[PDB]
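The next block holds one structure in the form of C-alpha coordinates; read it before the comments.
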Amino acid sequence: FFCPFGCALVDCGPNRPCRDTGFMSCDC
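Just so it is clear: in the sequence shown, position 21 is 21 by the entry's author numbering, and no numbers are missing.
Printed below as a string of C-alpha coordinates:
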(Lines of atoms letter the chains of each structure in order from A and count residues from 1; the text may use other names and numbers.)
(Lines give C-alpha, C1' and ligand atoms only; values in the text may rest on other atoms or scores of the structure.)
Protein backbone atom coordinates (compact mmCIF):
# COMPACT_ATOMS: atom_id res chain seq x y z
CA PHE A 1 0.00 0.00 0.00
CA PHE A 2 1.03 3.61 -0.62
CA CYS A 3 3.31 4.82 2.18
CA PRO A 4 3.62 8.40 3.52
CA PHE A 5 7.23 8.97 4.59
CA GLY A 6 8.32 5.70 6.17
CA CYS A 7 6.78 3.14 8.53
CA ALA A 8 4.09 5.65 9.53
CA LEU A 9 0.72 3.88 9.60
CA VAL A 10 2.44 1.13 7.62
CA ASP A 11 3.50 -1.78 9.83
CA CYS A 12 4.81 -0.17 13.02
CA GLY A 13 4.43 3.59 12.79
CA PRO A 14 6.60 6.65 12.01
CA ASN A 15 9.64 5.33 13.88
CA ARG A 16 11.28 2.39 12.09
CA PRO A 17 12.73 2.78 8.55
CA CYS A 18 11.60 0.75 5.55
CA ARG A 19 12.71 -0.09 2.01
CA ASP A 20 11.21 2.58 -0.24
CA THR A 21 12.27 2.28 -3.88
CA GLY A 22 9.20 3.73 -5.56
CA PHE A 23 6.84 6.64 -4.88
CA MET A 24 4.51 5.41 -2.12
CA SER A 25 6.01 1.92 -1.98
CA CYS A 26 7.59 1.38 1.43
CA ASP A 27 8.29 -2.28 2.15
CA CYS A 28 8.99 -3.01 5.82
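Note that beta-carbon positions come from the ideal geometry of N, C-alpha and C, so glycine has one too.
Proximity below 8 Å, CB of residue i to CB of residue j
i	j	result
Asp27	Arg19	yes
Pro17	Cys7	yes
Residues near residue i by beta carbon distance below 7 Å, same chain, minus five either side
i	result
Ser25	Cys3
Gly13	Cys7
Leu9	none
Cβ neighbours of residue i in the same chain (closer than 8 Å, five flanking residues each side left out)
i	result
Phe5	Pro14
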